[PDB]
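**Q** Pasting in a structure now, in structure tokens, and then I'll have a few things to ask.
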Amino acid sequence: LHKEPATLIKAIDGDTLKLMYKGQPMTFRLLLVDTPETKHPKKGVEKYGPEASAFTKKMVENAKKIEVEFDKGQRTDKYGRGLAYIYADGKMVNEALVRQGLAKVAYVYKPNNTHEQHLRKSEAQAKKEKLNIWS
């Protein structure tokens with residue numbers, strides 16, 4: 001895998017961002033993580049949804065450099081959203097969320113599961129530390 005540059009257009013949710021990628025505006029879904037959501041009327045605004053959403057927003061808005069890293073399988077989902085690992089100043093946003101107890105590791109689909117181990121270790125630590133969702 002390799003990272004490629006991207007430019008923030010807009011943070012939409014904890015797990016969804018609008019980026020300029022290869023000169024086109026595109027919606028990205030963060031690979032392998034589920035955050036509580038602010039949108040979706042199925043539940044509305046879940047608990048920690050605003051926090052997850054604010055965390056992603058600050059992290060990407062305050063970055064010098066944003067990079068996207070596609071995994072080895074499908075690069076878009078059925079909604080046309082890019083499926084990627086997002087990095088803010090070299091720090092993976094998907095992991096940061098999980099490390100802070102603001103996201104769970106998603107149901108995984110090989111072969112898009114390169115960082116699965118890594119994220120699960122972070123999730124286990126946030127649970128051990130009883131952070132946010134785990135409190």
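By order of appearance in the structure tokens: chains A, B, ..., then residues from 1 within every chain, and ligands from 1 in the order shown.
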Neighbouring residues of residue 117 (chain A) were defined as those with any atom within 12 Å, considering only C-alpha atoms; residues of the same chain fewer than 4 positions away were excluded. Please report them as a list in words.
**A**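 Selected residues are residues 32, 95, 105, 108, 113, 121, 122, 123 and 124 of chain A.
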**Q** Per residue of region 82-121 of chain A within 12 Å of region 19-24 of chain A, record the nearest atom pair and its distance in Å to one decimal, counting only C-alpha atoms, with rows in chain order and ascending residue number, as JSON lines.
**A**
{"residue": "A:82", "atom": "CA", "partner": "A:19", "partner_atom": "CA", "distance": 9.7}
{"residue": "A:84", "atom": "CA", "partner": "A:19", "partner_atom": "CA", "distance": 11.5}
{"residue": "A:86", "atom": "CA", "partner": "A:19", "partner_atom": "CA", "distance": 10.4}
**Q** Taking the backbone alone, and naming residues the way the document does, which bits of region 2-133 of chain A are strand (DSSP E) by DSSP, as a VMD selection string?
**A** chain A and resid 3 to 11 16 to 21 24 to 30 33 to 34 66 to 70 82 to 88 91 to 92 104 to 105
**Q** Excluding same-chain residues fewer than 3 positions from residue 31 (chain A), what lies within 10 Å of it counting only C-alpha atoms, as JSON, numbers by chain?
**A** {"A": [15, 16, 28, 34, 69, 70, 71, 75, 82, 83, 84, 85, 86, 94, 105, 106, 108, 109, 112, 113, 115, 116]}
**Q** With N, CA, C and O atoms retained, export the selected residues as an mmCIF file, in the first residue's frame.
**A**
data_model
loop_
_atom_site.group_PDB
_atom_site.id
_atom_site.type_symbol
_atom_site.label_atom_id
_atom_site.label_comp_id
_atom_site.auth_asym_id
_atom_site.auth_seq_id
_atom_site.Cartn_x
_atom_site.Cartn_y
_atom_site.Cartn_z
ATOM 1 N N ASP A 15 -17.013 9.348 10.594
ATOM 2 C CA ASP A 15 -16.469 8.326 9.716
ATOM 3 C C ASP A 15 -16.491 8.694 8.229
ATOM 4 O O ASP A 15 -16.025 7.904 7.395
ATOM 5 N N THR A 16 -16.993 9.874 7.907
ATOM 6 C CA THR A 16 -17.118 10.333 6.531
ATOM 7 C C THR A 16 -16.595 11.730 6.281
ATOM 8 O O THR A 16 -16.918 12.688 6.977
ATOM 9 N N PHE A 28 -15.316 10.085 1.154
ATOM 10 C CA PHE A 28 -14.565 8.957 1.660
ATOM 11 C C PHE A 28 -15.227 8.419 2.924
ATOM 12 O O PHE A 28 -15.670 9.203 3.751
ATOM 13 N N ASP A 34 -16.415 1.961 12.783
ATOM 14 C CA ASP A 34 -17.761 2.459 12.959
ATOM 15 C C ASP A 34 -17.826 3.497 14.073
ATOM 16 O O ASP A 34 -17.537 3.155 15.225
ATOM 17 N N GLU A 69 -4.932 6.403 1.960
ATOM 18 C CA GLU A 69 -4.292 5.128 1.707
ATOM 19 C C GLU A 69 -5.365 4.085 1.393
ATOM 20 O O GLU A 69 -6.108 3.717 2.292
ATOM 21 N N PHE A 70 -5.433 3.634 0.148
ATOM 22 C CA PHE A 70 -6.401 2.605 -0.234
ATOM 23 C C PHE A 70 -5.901 1.238 0.206
ATOM 24 O O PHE A 70 -4.686 1.010 0.233
ATOM 25 N N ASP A 71 -6.805 0.332 0.570
ATOM 26 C CA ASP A 71 -6.369 -1.020 0.932
ATOM 27 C C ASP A 71 -6.202 -1.869 -0.334
ATOM 28 O O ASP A 71 -6.092 -1.284 -1.413
ATOM 29 N N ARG A 75 -12.029 -0.304 -3.831
ATOM 30 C CA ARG A 75 -11.663 1.032 -3.357
ATOM 31 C C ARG A 75 -12.875 1.934 -3.213
ATOM 32 O O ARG A 75 -12.799 3.045 -2.671
ATOM 33 N N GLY A 82 -15.272 6.461 -1.525
ATOM 34 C CA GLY A 82 -13.936 5.886 -1.404
ATOM 35 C C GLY A 82 -13.759 5.170 -0.081
ATOM 36 O O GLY A 82 -14.274 5.626 0.944
ATOM 37 N N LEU A 83 -13.028 4.057 -0.099
ATOM 38 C CA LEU A 83 -12.783 3.291 1.114
ATOM 39 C C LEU A 83 -11.299 3.343 1.453
ATOM 40 O O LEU A 83 -10.524 2.682 0.769
ATOM 41 N N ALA A 84 -10.973 4.102 2.509
ATOM 42 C CA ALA A 84 -9.559 4.345 2.762
ATOM 43 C C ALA A 84 -9.199 4.544 4.229
ATOM 44 O O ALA A 84 -10.022 4.748 5.108
ATOM 45 N N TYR A 85 -7.898 4.474 4.446
ATOM 46 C CA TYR A 85 -7.282 4.846 5.727
ATOM 47 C C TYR A 85 -6.906 6.310 5.619
ATOM 48 O O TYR A 85 -6.269 6.720 4.642
ATOM 49 N N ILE A 86 -7.307 7.168 6.553
ATOM 50 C CA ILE A 86 -6.969 8.577 6.253
ATOM 51 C C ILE A 86 -5.870 9.020 7.222
ATOM 52 O O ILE A 86 -6.023 8.618 8.379
ATOM 53 N N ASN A 94 -8.298 6.853 11.378
ATOM 54 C CA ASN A 94 -9.129 5.726 11.813
ATOM 55 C C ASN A 94 -8.650 5.175 13.147
ATOM 56 O O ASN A 94 -9.451 4.802 14.011
ATOM 57 N N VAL A 105 -14.129 -1.186 16.056
ATOM 58 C CA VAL A 105 -13.637 -1.763 14.801
ATOM 59 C C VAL A 105 -14.841 -2.389 14.089
ATOM 60 O O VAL A 105 -15.537 -3.171 14.745
ATOM 61 N N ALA A 106 -15.088 -2.038 12.848
ATOM 62 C CA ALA A 106 -16.186 -2.471 11.999
ATOM 63 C C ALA A 106 -16.195 -3.959 11.685
ATOM 64 O O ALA A 106 -15.186 -4.639 11.886
ATOM 65 N N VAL A 108 -15.342 -6.686 9.364
ATOM 66 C CA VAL A 108 -14.269 -6.590 8.381
ATOM 67 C C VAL A 108 -14.531 -7.452 7.153
ATOM 68 O O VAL A 108 -15.079 -8.546 7.284
ATOM 69 N N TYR A 109 -14.141 -6.956 5.984
ATOM 70 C CA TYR A 109 -14.273 -7.664 4.715
ATOM 71 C C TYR A 109 -12.933 -7.809 4.015
ATOM 72 O O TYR A 109 -12.354 -6.881 3.443
ATOM 73 N N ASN A 112 -10.004 -6.233 2.343
ATOM 74 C CA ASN A 112 -9.732 -4.873 2.831
ATOM 75 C C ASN A 112 -9.533 -4.898 4.346
ATOM 76 O O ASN A 112 -10.419 -4.434 5.067
ATOM 77 N N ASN A 113 -8.411 -5.442 4.805
ATOM 78 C CA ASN A 113 -8.239 -5.635 6.243
ATOM 79 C C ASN A 113 -6.780 -5.561 6.660
ATOM 80 O O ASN A 113 -6.363 -6.114 7.677
ATOM 81 N N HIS A 115 -4.925 -3.106 8.048
ATOM 82 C CA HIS A 115 -4.624 -2.612 9.391
ATOM 83 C C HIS A 115 -5.530 -3.179 10.469
ATOM 84 O O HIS A 115 -5.658 -2.576 11.541
ATOM 85 N N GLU A 116 -6.181 -4.315 10.244
ATOM 86 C CA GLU A 116 -7.122 -4.853 11.219
ATOM 87 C C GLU A 116 -6.519 -5.144 12.596
ATOM 88 O O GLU A 116 -7.119 -4.751 13.602
#
**Q** If I take CA of residue 39 (chain A) and CA of residue 104 (chain A), how far is one from the other in Å, to one decimal?
**A**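 Distance reported for this atom pair: 17.4 Å.
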**Q** In Å, with one decimal, what is the gap from CA of residue 49 (chain A) to CA of residue 103 (chain A)?
**A**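 These atoms are spaced 9.4 Å apart.
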**Q** Which of these, A:37, A:77, A:13, A:46, has the shortest distance to residue 60 (chain A) once you count only C-alpha atoms?
**A**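 For residue 60 (chain A), the nearest of the candidates is A:13.
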**Q** Go through A:127, A:118, A:110, A:64 and flag the residue nearest residue 88 (chain A), using only C-alpha atoms for the distances.
**A**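 Ranking A:127, A:118, A:110, A:64 by distance to residue 88 (chain A), first place goes to A:64.
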**Q** For each of A:62, A:76, A:56, A:135, take the minimum atom-to-atom distance to residue 96 (chain A), counting only C-alpha atoms, then give the residue where this is smallest.
**A**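 Once distances to residue 96 (chain A) are computed over only C-alpha atoms, the minimum belongs to A:56.
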**Q** May I ask for the distance between CA of residue 126 (chain A) and CA of residue 74 (chain A), given in Å to one decimal place?
**A**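 These two atoms are separated by 28.9 Å.
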**Q** Please provide the set of residues having any atom within 12 Å of residue 89 (chain A), restricted to only C-alpha atoms, with same-chain residues fewer than 4 positions apart removed, written as a list in words.
**A** residues 3, 5, 6, 59, 60, 61, 62, 63, 64, 65, 66, 67, 68 and 93 of chain A
**Q** As a VMD selection string, please: every residue in region 2-133 of chain A that a backbone DSSP assignment puts in alpha helix (DSSP H).
**A** chain A and resid 49 to 61 93 to 99 116 to 128
